[PDB]
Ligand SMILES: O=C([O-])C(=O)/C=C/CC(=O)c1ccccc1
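Only one chain is shown below, in structure tokens, and it's the form deposited without this ligand.
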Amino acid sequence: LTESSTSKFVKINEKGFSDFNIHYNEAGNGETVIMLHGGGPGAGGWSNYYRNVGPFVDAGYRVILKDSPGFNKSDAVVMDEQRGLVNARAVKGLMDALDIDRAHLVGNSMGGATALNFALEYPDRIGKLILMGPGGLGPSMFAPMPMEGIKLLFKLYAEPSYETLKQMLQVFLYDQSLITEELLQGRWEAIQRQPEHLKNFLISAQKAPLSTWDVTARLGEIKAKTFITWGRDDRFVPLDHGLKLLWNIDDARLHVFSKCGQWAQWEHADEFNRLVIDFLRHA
């Protein structure tokens, strides 16, 4: 598989959306797994998930790497509501657009915020919920906020340098020497090719700051089977949120990877793949 071969578009008309173009990548057939990416500059379905799409297809799954409204080759937008609840509507849109009655969601960071909102609003349309260091769960009992990674993320949004992006990625990864060009250019090309997303994000962050995303009091309402993954060394979202989810969602389990940043799916691909595939297959 490649990005080219899998590339695809489709408009959506849910709630406040209307004739809104969502880019995505699709492969495989059958049961549907929608993978939702992180909030960083130049973030996209493919870029977040290029080590998990193949193995998930082989497992006999319909794999949808969605570009969320306002990133990569999807359409630009400005939100005055918390992006989790908004991205969920975009997801609900792409499912209605493509006749998908139900899907499993895999949400990393902002994505995980999306999946959590999707699961809260549209429970009848979610199968199983995989969360990987999801944002927007309020304050940590230990980490002061903003966290080091979030600081760097806004710094990159503000002054998109090549050297800055690099330093953002050295904080996102536990092992910094794992930095590939195919990754680094994937993000750097994505920021350049649509620099309207950057300014749109900062404005939205002004209208709905991270503190408004907190869905914590509603967690006792999530019914789907939940698999929470965390990188032990995540400098973007604090480890103790993993526990908050475990205690509040009725049916959850938590897996933490050592020597791992915010990208468990990337930095620990193999283990992540087989752990999640098995969770879908057997839980």
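Note that residue numbering follows the sequence shown and begins at 1.
In this crystal structure, the stretch out of 105-113 and 185-193 whose C-alpha atoms carry the higher mean B factor is 185-193. Once the C-alpha B-factors are averaged per stretch, 176-184 and 148-156 rank with 176-184 first. Highest CA B-factor among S140, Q170, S161, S204, as stated in the entry: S161.
Per the PDB record, residue ranking by Cα B-factor puts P209 in the highest third of the chain. When the modelled residues of the chain are ordered by C-alpha B-factor, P238 sits in the lowest third. In the deposited entry, the Cα temperature factor of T229 sits in the bottom third of values across the chain's modelled residues. Per the deposited record, the Cα B-factor of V86 falls in the middle third when ranked against the other modelled residues of its chain. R253: CA B factor lies in the lowest third for its chain, per the PDB record.
Not on display, but discussed next: the form solved in complex with this ligand.
The putative spot formed by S47, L178 and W266 is fully lined by this ligand in the bound PDB entry; each residue has a non-hydrogen atom within 4.5 angstroms of it. Heavy atoms within 4.5 Å of this ligand in the bound PDB entry are found in exactly one of 115-123, 167-175, 192-200, 94-102, that being 167-175. When you look in the bound PDB entry, the only residue of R89, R187, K128, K73 with a non-hydrogen atom within 4.5 Å of this ligand is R187. The contact with this ligand in the bound PDB entry, taken as any heavy atom within 4.5 Å, belongs to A43 out of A43, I222, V215, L245. Not displayed here, this ligand is approached by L183 to within 4.5 Å at the level of heavy atoms in the bound PDB entry. Not displayed here, this ligand is kept clear of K66 by more than 4.5 Å at the level of heavy atoms in the bound PDB entry. Taking non-hydrogen atoms only, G38 approaches this ligand to within 4.5 angstroms in the bound PDB entry.
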